[PDB]
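First up is the structure itself, then whatever we jot down about it.
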Amino acid sequence: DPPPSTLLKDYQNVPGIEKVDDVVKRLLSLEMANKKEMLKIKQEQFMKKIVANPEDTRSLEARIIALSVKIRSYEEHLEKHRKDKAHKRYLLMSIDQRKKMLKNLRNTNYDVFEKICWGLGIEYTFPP
Amino acid sequence: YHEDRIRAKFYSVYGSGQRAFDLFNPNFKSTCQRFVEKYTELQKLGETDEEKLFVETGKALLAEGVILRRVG
Amino acid sequence: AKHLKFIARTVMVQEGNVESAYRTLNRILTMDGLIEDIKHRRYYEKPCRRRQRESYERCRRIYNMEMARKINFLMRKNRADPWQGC
Amino acid sequence: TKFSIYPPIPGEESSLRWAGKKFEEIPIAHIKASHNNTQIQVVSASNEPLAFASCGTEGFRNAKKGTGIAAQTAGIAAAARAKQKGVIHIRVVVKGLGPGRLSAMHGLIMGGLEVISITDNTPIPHXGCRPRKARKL
Amino acid sequence: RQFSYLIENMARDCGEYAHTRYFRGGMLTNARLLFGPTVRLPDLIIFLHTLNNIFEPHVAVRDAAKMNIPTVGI
Amino acid sequence: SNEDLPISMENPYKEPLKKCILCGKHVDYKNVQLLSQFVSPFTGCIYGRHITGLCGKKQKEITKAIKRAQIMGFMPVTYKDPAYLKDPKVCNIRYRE
Amino acid sequence: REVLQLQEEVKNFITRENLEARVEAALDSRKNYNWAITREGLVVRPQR
Amino acid sequence: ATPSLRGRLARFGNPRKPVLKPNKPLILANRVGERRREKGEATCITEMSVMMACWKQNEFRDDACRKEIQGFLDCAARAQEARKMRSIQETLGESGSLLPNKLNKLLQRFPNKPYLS
Amino acid sequence: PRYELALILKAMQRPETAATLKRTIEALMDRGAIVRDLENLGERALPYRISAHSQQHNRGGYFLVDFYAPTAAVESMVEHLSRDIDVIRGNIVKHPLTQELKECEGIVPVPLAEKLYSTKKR
RNA sequence: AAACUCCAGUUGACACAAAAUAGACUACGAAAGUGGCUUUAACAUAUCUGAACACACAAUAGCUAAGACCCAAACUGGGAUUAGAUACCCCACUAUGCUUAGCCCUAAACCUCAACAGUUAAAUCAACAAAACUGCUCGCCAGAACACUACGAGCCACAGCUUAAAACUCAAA
Ligand code: FES
Ligand SMILES: [K+]
Ligand SMILES: [K+]
Ligand SMILES: [K+]
Ligand SMILES: [Mg+2]
Ligand SMILES: [Mg+2]
Ligand SMILES: [Mg+2]
Ligand SMILES: [Mg+2]
Ligand SMILES: [Mg+2]
Ligand SMILES: [Mg+2]
Ligand SMILES: [Mg+2]
Ligand SMILES: [Mg+2]
Ligand SMILES: [Mg+2]
Ligand SMILES: [Mg+2]
Ligand SMILES: [Mg+2]
Ligand SMILES: [Mg+2]
Ligand SMILES: [Mg+2]
Ligand SMILES: [Mg+2]
Ligand SMILES: [Mg+2]
């Protein structure tokens with residue numbers, strides 16, 4: 001996970017954020033935010049690391065990255081909430097929709113399909 | 001009609017005239033219609049601002065002796 | 001039990017008129033729905049039965065308010081016949 | 001001053017008095033109007049019991065207790081024992097929707113007591129214990 | 001009914017016929033029974049109001065068509 | 001073509017939409033004075049929107065604030081706080097004949 | 001603009017240095033969140 | 001304001017489950033219900049219970065209970081006439097908002113139209 | 001996030017109330033909170049009797065603490081307040097000033113529902 | 001009538017139960033379900049349809065084990081009614097409804113109205129119900145009864161569940 005001192009995605013590119021008081025840096029960091037703010041930072045890191053255009057969010061690559069971050073959040077949720085049937089369904093459906101994205105990415109752009117698998121640590125498996 | 005915008009503003013600013021409509025007279029002119037005709041005349045003289053074209057119209061009628069009691 | 005007493009559901013009597021004070025209290029408890037609530041709570045109303053009662057009461061309100069709205073709308077026409085004989 | 005149906009609030013300075021006593025000092029007539037009986041207890045402002053009467057203690061039995069006239073008789077009996085102890089004005093606190101809900105109050109008046117206020121304390125659970133199952137009749 | 005008197009007079013003045021009253025079932029489609037086998041029906045029916053007093057089409061509109069009588073109507 | 005023909009546009013005489021008395025105002029659970037204006041004086045029962053005249057959004061805001069304030073120790077449940085009985089009457093209900 | 005506004009507010013935040021002084025200052029003051037609404041939509045602040 | 005009916009009934013196009021399950025079509029009839037006779041109750045029992053109290057203390061001797069007896073007698077007479085009064089005013093509609101008979105003639109003139117003509 | 005601690009304290013003298021507030025604000029800071037303000041709402045009669053720590057209370061001092069803290073501090077602070085014998089009732093809510101009120105154009109009227117029943121003659 | 005009379009009424013202390021009013025709102029969730037308060041996490045899919053060969057869920061009741069226990073309450077006992085009363089009515093009380101950990105996998109689980117896209121014109125249209133239709137796709141149906149049955153198979157299910165026939169019979173249903 002990103003360090004708690006990491007600034008929010010909205011306040012990371014404001015001019016002069018490095019010279020503000022330490023208290024102001026704590027209030028604009030992940031430590032003082034909800035987990036959804038930490039997930040936006042994770043999604044941003046994966047985009048720059050994998051996709052050629054980190055600003056295109058509608059490409060099949062970005063969707064696989066966006067959905068992969070949601071999947072990891074559900075897995076962490078269910079690690080603490082093992083009888084949460086609602087989120088267990090969301091996890092299984094999300095895994096099924098990422099496989100459908102990876103299938104369509106493999107069929108259209110194999111070189112990008114390989115970078116998505118390496119970048120996200122996904123082992124593509126053919127259905128039985 | 002285009003004048004309906006002028007009538008809506010006139011009724012908001014000055015309300016309905018205390019003069020009574022006579023819908024039997026086919027050539028009846030109300031205070032609102034008199035306001036609309038003056039407002040149209042001044043627009044044809046080249047004025048194009050709306051808030052300015054509305055204040056000058058009220059003054060013209062007051063000069064002619066018309067009673068315009070603002071509602072508020 | 002933890003609240004202050006003689007504030008809730010309390011009506012003062014005027015000039016010894018206890019009947020009017022009781023009628024006011026009964027009117028207060030009725031309008032706030034307490035009297036009907038107390039009665040429905042004497043025996044357990046199963047949820048299926050409660051949902052049916054609420055549906056019936058809500059449909060009755062809509063019908064009754066719409067019929068009343070039509071009665072008030074048409075009442076002006078209850079005037080004497082202007083064209084009697086034709 | 002205009003009449004206020006809202007009771008005087010304790011701790012504030014009201015001008016209302018009954019025999020020189022403040023609202024907080026007037027004894028309380030507790031009427032429990034049940035479906036098959038009516039119980040009346042008069043207590044002082046300090047919660048000292050002064051008189052008790054019910055339809056059963058007035059010689060009514062079985063279904064006759066669950067009548068208006070049975071509660072009225074209980075009210076007169078409680079008023080008589082309370083009047084001997086110095087009670088004139090009472091605050092009425094009635095809990096229950098039984099047939100003697102109003103009749104019990106009449107008996108208190110016919111017995112010589114003056115009701116200055118009426119309070120309903122019928123227990124209404126806000127969600128509470130499950131009541132008994134409906135009757136097939 | 002506001003114009004029953006006016007319309008009845010207009011018909012009499014022009015030498016024609018008016019029916020402004022309650023329209024009984026079968027005046028047109030059962031005229032021979034009601035009036036007689038030799039009764040002559042109207043050649044033209046003019047409706048100054050086409051609706052009855054419950055805001056429905058006047059029954060004679062349908063019955064005029066059944067008897068193949070042309071109708072003028074406001 | 002013809003100058004006197006009607007023109008397409010939006011209703012110029014359309015009246016502004018009506019607003020609830022709390023439109024644009026913040027409903028806080030700590031403002032027991034405001035919340036008390038929407039409960040019964042005798043029973044503390046929350047008034048329905050047909051009595052309060054509030055829109056759906058503010059009827060919910062008032063309801064949620066009352067329930068929060070009651071259990072957090074700010075507002076009584078079984079009666080209206082007598083301190084607030086002389087506040088403006090904004091609800092459409094009369095209990096005296 | 002939000003970082004600037006926030007940078008000024010932090011000057012008035014409570015710290016372990018001014019904690020005792022801010023507590024005593026709070027005990028002397030009073031904050032009132034009560035106000036009433038009228039049928040006309042007007043706020044009626046309390047009489048204080 | 002009448003409660004809303006939008007999205008309340010089970011219908012094609014309505015995604016949510018039905019809010020209302022009317023057993024009768026929500027369509028205004030051309031008639032109102034008939035004035036429902038109110039449940040009668042025993043009356044004058046308060047006066048009846050003062051008369052029967054003196055008797056118990058005076059061995060059922062009418063000479064000692066004259067004032068209480070005359071009260072109960074008058075109270076019954078008033079309730080007997082009161083029923084005669086109410087009945088007349090009920091039929092006349094002197095106090096009623098309107099008579100179901102009069103209110104139905106008015107609806108006959110403006111019948112609800114659930115169909116096209 | 002930004003939270004609001006609604007704190008009802010046992011009715012005490014000024015010295016014991018200041019010690020309780022300082023002890024409570026330090027507990028927030030020990031859990032990583034950034035305390036923004038402290039507001040006194042005044043001592044008043046409670047809306048009802050509250051039993052807390054084997055005692056019955058009828059009056060209390062109402063205080064507010066506006067502060068920022070990590071999400072994990074809320075659960076840990078709630079546990080702290082449950083053990084403080086000078087606290088009658090303490091609740092932590094999300095600060096109401098964070099929620100921005102959407103603009104409202106007004107009341108959109110609802111027309112009577114139409115075409116609920118076929119127009120066939122019944 | 002039986003029942004209680006260490007009972008009843010006032011006051012005070014006092015929940016592993018349930019959640020008035022708001023709600024005349026019609027929201028959330030795949031459905032089942034969800035209407036006291038707070039906080040944390042959190043509500044898949046940037047074409048659609050699509051698994052009865054899988055996976056994950058699924059009210060109430062029920063099973064296994066350990067707890068809680070206000071109230072309600074199958075069964076059972078008593079009272080009453082009755083020709084009888086294995087009922088309806090009254091009282092008492094248990095399993096059970098609650099929590100934890102595992103099972104069971106069923107409902108008129110029905111809003112008996114499939115998903116997605118689109119239309120209101122033509123013939124509007126058996127009847128009733130909740131107006132009539134188009135495109136596309138999956139699932140399902142083909143006289144009644146036998147039959148939510150038999151056998152086989154699968155299953156933590158052992159008086160269970162799912163899948164599910166045939167013979168004889170009828171001219172109807
Ligand atoms: S009408 Fe705008 S918030 Fe109520
Ligand atoms: K409700
Ligand atoms: K509740
Ligand atoms: K159904
Ligand atoms: Mg569709
Ligand atoms: Mg039906
Ligand atoms: Mg699909
Ligand atoms: Mg289940
Ligand atoms: Mg169970
Ligand atoms: Mg029990
Ligand atoms: Mg048990
Ligand atoms: Mg529970
Ligand atoms: Mg269901
Ligand atoms: Mg089905
Ligand atoms: Mg499907
Ligand atoms: Mg068959
Ligand atoms: Mg079965
Ligand atoms: Mg089987
Ligand atoms: Mg088998």
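Letters for chains follow the order of the structure tokens (A, B, ...), residue numbers begin at 1 for each chain, and ligand numbers begin at 1 in the order shown.
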
Could you give me the residues within chain D that DSSP places in strand (DSSP E), as a ChimeraX atom specification? /D:28-33,38-43,49-54,89-95,114-120

Quick one: residues within 7 Å of range 55-63 of chain C, only C-alpha atoms (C1' of nucleotides), excluding same-chain residues fewer than 6 positions away - as a ChimeraX atom specification? /H:2-3,20-22,26

Members of range 15-121 of chain D assigned helix (DSSP H, G or I) by DSSP, as a ChimeraX atom specification: /D:23-25,62-66,68-84,103-110

Residue 92 in chain A: which residues within 12 Å, counting only C-alpha atoms (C1' of nucleotides), same-chain residues fewer than 3 positions away excluded, as a ChimeraX atom specification? /A:70-72,74-75,78,85-89,95-99 /J:44-45,55-57

List as a count of residues only the protein and nucleic acid residues lying within 10 Å of ligand 15, with only C-alpha atoms (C1' of nucleotides) and all ligand atoms counted. 8

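The chain F residues that come within 12 Å of chain H are residues 49, 50, 51 and 53 of chain F, with only C-alpha atoms taken into account.
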
Chain J contacts to chain A at 12 Å (only C-alpha atoms (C1' of nucleotides)) as a ChimeraX atom specification: /J:29-33,40-46,53-58,101

Write out as a PDB file with N, CA and C atoms (P, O5', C5', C4', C3', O3' and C1' of nucleotides), in the first residue's frame which residues come within 12 Å of range 117-120 of chain J when counting only C-alpha atoms (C1' of nucleotides), dropping same-chain ones fewer than 3 positions away.
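Written file, around07.pdb:
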ATOM      1  P     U J  47     -17.795  -1.759 -23.585  1.00  0.00           P
ATOM      2  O5'   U J  47     -19.247  -1.964 -24.200  1.00  0.00           O
ATOM      3  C5'   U J  47     -20.295  -2.521 -23.422  1.00  0.00           C
ATOM      4  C4'   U J  47     -21.587  -2.538 -24.194  1.00  0.00           C
ATOM      5  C3'   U J  47     -22.590  -3.613 -23.804  1.00  0.00           C
ATOM      6  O3'   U J  47     -23.361  -3.256 -22.670  1.00  0.00           O
ATOM      7  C1'   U J  47     -22.352  -3.562 -26.155  1.00  0.00           C
ATOM      8  P     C J  48     -23.678  -4.334 -21.522  1.00  0.00           P
ATOM      9  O5'   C J  48     -24.833  -5.232 -22.146  1.00  0.00           O
ATOM     10  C5'   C J  48     -26.061  -4.655 -22.556  1.00  0.00           C
ATOM     11  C4'   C J  48     -26.831  -5.589 -23.448  1.00  0.00           C
ATOM     12  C3'   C J  48     -27.029  -6.998 -22.918  1.00  0.00           C
ATOM     13  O3'   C J  48     -28.081  -7.093 -21.973  1.00  0.00           O
ATOM     14  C1'   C J  48     -26.319  -7.100 -25.165  1.00  0.00           C
ATOM     15  P     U J  49     -28.012  -8.182 -20.796  1.00  0.00           P
ATOM     16  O5'   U J  49     -28.332  -9.555 -21.533  1.00  0.00           O
ATOM     17  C5'   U J  49     -29.542  -9.722 -22.257  1.00  0.00           C
ATOM     18  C4'   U J  49     -29.569 -11.032 -22.995  1.00  0.00           C
ATOM     19  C3'   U J  49     -29.137 -12.250 -22.199  1.00  0.00           C
ATOM     20  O3'   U J  49     -30.157 -12.748 -21.354  1.00  0.00           O
ATOM     21  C1'   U J  49     -28.059 -12.269 -24.295  1.00  0.00           C
ATOM     22  P     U J 124     -58.584  -0.597 -35.380  1.00  0.00           P
ATOM     23  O5'   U J 124     -57.862  -1.210 -34.098  1.00  0.00           O
ATOM     24  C5'   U J 124     -56.456  -1.107 -33.934  1.00  0.00           C
ATOM     25  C4'   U J 124     -56.028  -1.493 -32.541  1.00  0.00           C
ATOM     26  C3'   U J 124     -56.364  -2.913 -32.112  1.00  0.00           C
ATOM     27  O3'   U J 124     -55.438  -3.864 -32.606  1.00  0.00           O
ATOM     28  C1'   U J 124     -56.958  -1.404 -30.390  1.00  0.00           C
ATOM     29  P     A J 131     -54.404  -2.191 -17.751  1.00  0.00           P
ATOM     30  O5'   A J 131     -54.086  -2.239 -19.307  1.00  0.00           O
ATOM     31  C5'   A J 131     -54.488  -3.342 -20.103  1.00  0.00           C
ATOM     32  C4'   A J 131     -54.760  -2.914 -21.521  1.00  0.00           C
ATOM     33  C3'   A J 131     -53.936  -3.605 -22.593  1.00  0.00           C
ATOM     34  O3'   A J 131     -54.453  -4.873 -22.957  1.00  0.00           O
ATOM     35  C1'   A J 131     -53.863  -1.279 -22.943  1.00  0.00           C
ATOM     36  P     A J 132     -53.465  -6.052 -23.415  1.00  0.00           P
ATOM     37  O5'   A J 132     -53.096  -5.678 -24.916  1.00  0.00           O
ATOM     38  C5'   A J 132     -54.113  -5.389 -25.862  1.00  0.00           C
ATOM     39  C4'   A J 132     -53.534  -4.796 -27.120  1.00  0.00           C
ATOM     40  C3'   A J 132     -52.396  -5.576 -27.753  1.00  0.00           C
ATOM     41  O3'   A J 132     -52.841  -6.673 -28.531  1.00  0.00           O
ATOM     42  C1'   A J 132     -51.798  -3.299 -27.620  1.00  0.00           C
ATOM     43  P     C J 133     -51.867  -7.921 -28.790  1.00  0.00           P
ATOM     44  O5'   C J 133     -50.867  -7.388 -29.905  1.00  0.00           O
ATOM     45  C5'   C J 133     -49.465  -7.547 -29.777  1.00  0.00           C
ATOM     46  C4'   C J 133     -48.731  -6.486 -30.554  1.00  0.00           C
ATOM     47  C3'   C J 133     -47.302  -6.814 -30.947  1.00  0.00           C
ATOM     48  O3'   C J 133     -47.226  -7.641 -32.093  1.00  0.00           O
ATOM     49  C1'   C J 133     -47.381  -4.642 -30.034  1.00  0.00           C
ATOM     50  P     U J 134     -46.060  -8.734 -32.227  1.00  0.00           P
ATOM     51  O5'   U J 134     -44.800  -7.889 -32.707  1.00  0.00           O
ATOM     52  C5'   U J 134     -44.852  -7.126 -33.900  1.00  0.00           C
ATOM     53  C4'   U J 134     -43.588  -6.331 -34.100  1.00  0.00           C
ATOM     54  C3'   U J 134     -42.286  -7.101 -33.958  1.00  0.00           C
ATOM     55  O3'   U J 134     -41.956  -7.850 -35.113  1.00  0.00           O
ATOM     56  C1'   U J 134     -42.135  -5.080 -32.751  1.00  0.00           C
ATOM     57  P     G J 135     -41.151  -9.232 -34.978  1.00  0.00           P
ATOM     58  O5'   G J 135     -39.670  -8.776 -34.613  1.00  0.00           O
ATOM     59  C5'   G J 135     -38.929  -7.955 -35.501  1.00  0.00           C
ATOM     60  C4'   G J 135     -37.607  -7.538 -34.908  1.00  0.00           C
ATOM     61  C3'   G J 135     -36.757  -8.648 -34.312  1.00  0.00           C
ATOM     62  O3'   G J 135     -36.047  -9.384 -35.291  1.00  0.00           O
ATOM     63  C1'   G J 135     -36.809  -6.808 -32.830  1.00  0.00           C
ATOM     64  P     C J 136     -35.908 -10.978 -35.163  1.00  0.00           P
ATOM     65  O5'   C J 136     -34.877 -11.181 -33.968  1.00  0.00           O
ATOM     66  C5'   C J 136     -33.552 -10.684 -34.064  1.00  0.00           C
ATOM     67  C4'   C J 136     -32.847 -10.703 -32.732  1.00  0.00           C
ATOM     68  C3'   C J 136     -32.888 -12.017 -31.973  1.00  0.00           C
ATOM     69  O3'   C J 136     -31.968 -12.977 -32.457  1.00  0.00           O
ATOM     70  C1'   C J 136     -33.416 -10.263 -30.500  1.00  0.00           C
ATOM     71  P     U J 137     -32.344 -14.537 -32.412  1.00  0.00           P
ATOM     72  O5'   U J 137     -31.980 -14.970 -30.927  1.00  0.00           O
ATOM     73  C5'   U J 137     -30.669 -14.770 -30.426  1.00  0.00           C
ATOM     74  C4'   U J 137     -30.639 -14.757 -28.920  1.00  0.00           C
ATOM     75  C3'   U J 137     -31.211 -15.976 -28.224  1.00  0.00           C
ATOM     76  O3'   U J 137     -30.346 -17.096 -28.246  1.00  0.00           O
ATOM     77  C1'   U J 137     -31.992 -14.031 -27.153  1.00  0.00           C
TER      78        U J 137
END

Please write out the residues within 9 Å of ligand 11 as a ChimeraX atom specification, counting only C-alpha atoms (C1' of nucleotides) and all ligand atoms. /J:69,73,94-96

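Coordinates place CA of residue 37 in chain H at a distance of 28.4 Å from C1' of residue 24 in chain J.
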
As a check of understanding: the span from CA of residue 15 in chain B to CA of residue 72 in chain B is 9.4 Å

What's around residue 20 in chain F at 9 Å? Count only C-alpha atoms (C1' of nucleotides), leave out sequence neighbours fewer than 4 positions away in its own chain, and write the answer as a PyMOL selection string. (chain F and resi 24+53-55+58) or (chain G and resi 41) or (chain I and resi 106-107)

Output of the above residues as a PDB file, in the first residue's frame, restricted to C-alpha atoms:
ATOM      1  CA  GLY F  24     -31.249  26.216   1.436  1.00  0.00           C
ATOM      2  CA  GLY F  53     -45.093  21.266   4.689  1.00  0.00           C
ATOM      3  CA  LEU F  54     -41.484  20.273   4.069  1.00  0.00           C
ATOM      4  CA  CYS F  55     -40.199  18.803   0.836  1.00  0.00           C
ATOM      5  CA  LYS F  58     -36.008  18.209   4.276  1.00  0.00           C
TER       6      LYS F  58
ATOM      7  CA  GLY G  41     -38.793  31.171   5.922  1.00  0.00           C
TER       8      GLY G  41
ATOM      9  CA  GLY I 106     -37.842  24.085  -5.473  1.00  0.00           C
ATOM     10  CA  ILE I 107     -40.773  21.695  -5.268  1.00  0.00           C
TER      11      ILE I 107
END

Using only C-alpha atoms (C1' of nucleotides) and all ligand atoms, which protein or nucleic acid residues are at most 10 Å from ligand 16, as a list in words? residues 142, 143, 144, 145, 146, 147 and 173 of chain J

Could those selected residues go to a file with N, CA and C atoms (P, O5', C5', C4', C3', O3' and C1' of nucleotides), as a PDB file, in the first residue's frame?
ATOM      1  P     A J 142     -45.332 -30.452 -21.122  1.00  0.00           P
ATOM      2  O5'   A J 142     -46.422 -30.453 -22.280  1.00  0.00           O
ATOM      3  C5'   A J 142     -47.715 -29.900 -22.061  1.00  0.00           C
ATOM      4  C4'   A J 142     -48.551 -29.938 -23.313  1.00  0.00           C
ATOM      5  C3'   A J 142     -48.543 -31.277 -24.044  1.00  0.00           C
ATOM      6  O3'   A J 142     -49.828 -31.537 -24.612  1.00  0.00           O
ATOM      7  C1'   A J 142     -47.722 -29.585 -25.480  1.00  0.00           C
ATOM      8  P     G J 143     -50.503 -32.988 -24.461  1.00  0.00           P
ATOM      9  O5'   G J 143     -51.695 -32.761 -23.430  1.00  0.00           O
ATOM     10  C5'   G J 143     -52.503 -31.597 -23.494  1.00  0.00           C
ATOM     11  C4'   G J 143     -53.813 -31.781 -22.770  1.00  0.00           C
ATOM     12  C3'   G J 143     -53.742 -32.349 -21.363  1.00  0.00           C
ATOM     13  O3'   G J 143     -53.356 -31.403 -20.384  1.00  0.00           O
ATOM     14  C1'   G J 143     -55.435 -33.460 -22.559  1.00  0.00           C
ATOM     15  P     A J 144     -52.632 -31.898 -19.039  1.00  0.00           P
ATOM     16  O5'   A J 144     -53.809 -32.556 -18.193  1.00  0.00           O
ATOM     17  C5'   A J 144     -54.940 -31.794 -17.803  1.00  0.00           C
ATOM     18  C4'   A J 144     -56.006 -32.660 -17.183  1.00  0.00           C
ATOM     19  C3'   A J 144     -55.576 -33.500 -15.993  1.00  0.00           C
ATOM     20  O3'   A J 144     -55.537 -32.770 -14.781  1.00  0.00           O
ATOM     21  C1'   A J 144     -56.798 -34.843 -17.496  1.00  0.00           C
ATOM     22  P     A J 145     -54.234 -32.835 -13.846  1.00  0.00           P
ATOM     23  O5'   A J 145     -54.383 -34.216 -13.068  1.00  0.00           O
ATOM     24  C5'   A J 145     -55.550 -34.502 -12.313  1.00  0.00           C
ATOM     25  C4'   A J 145     -55.784 -35.985 -12.192  1.00  0.00           C
ATOM     26  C3'   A J 145     -54.627 -36.801 -11.641  1.00  0.00           C
ATOM     27  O3'   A J 145     -54.541 -36.759 -10.228  1.00  0.00           O
ATOM     28  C1'   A J 145     -55.457 -37.847 -13.581  1.00  0.00           C
ATOM     29  P     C J 146     -53.106 -36.752  -9.508  1.00  0.00           P
ATOM     30  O5'   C J 146     -52.543 -38.219  -9.754  1.00  0.00           O
ATOM     31  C5'   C J 146     -53.283 -39.359  -9.347  1.00  0.00           C
ATOM     32  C4'   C J 146     -52.696 -40.632  -9.897  1.00  0.00           C
ATOM     33  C3'   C J 146     -51.216 -40.845  -9.638  1.00  0.00           C
ATOM     34  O3'   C J 146     -50.955 -41.345  -8.340  1.00  0.00           O
ATOM     35  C1'   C J 146     -51.698 -41.314 -11.907  1.00  0.00           C
ATOM     36  P     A J 147     -49.607 -40.934  -7.570  1.00  0.00           P
ATOM     37  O5'   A J 147     -49.603 -39.342  -7.616  1.00  0.00           O
ATOM     38  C5'   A J 147     -48.666 -38.598  -6.843  1.00  0.00           C
ATOM     39  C4'   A J 147     -48.086 -37.442  -7.620  1.00  0.00           C
ATOM     40  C3'   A J 147     -49.111 -36.558  -8.328  1.00  0.00           C
ATOM     41  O3'   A J 147     -48.636 -35.214  -8.385  1.00  0.00           O
ATOM     42  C1'   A J 147     -47.647 -37.464  -9.918  1.00  0.00           C
ATOM     43  P     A J 173     -65.348 -32.204 -17.116  1.00  0.00           P
ATOM     44  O5'   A J 173     -63.862 -31.849 -16.666  1.00  0.00           O
ATOM     45  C5'   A J 173     -63.158 -32.700 -15.777  1.00  0.00           C
ATOM     46  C4'   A J 173     -61.691 -32.363 -15.722  1.00  0.00           C
ATOM     47  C3'   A J 173     -61.341 -30.906 -15.476  1.00  0.00           C
ATOM     48  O3'   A J 173     -61.478 -30.508 -14.125  1.00  0.00           O
ATOM     49  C1'   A J 173     -60.003 -31.741 -17.222  1.00  0.00           C
TER      50        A J 173
END
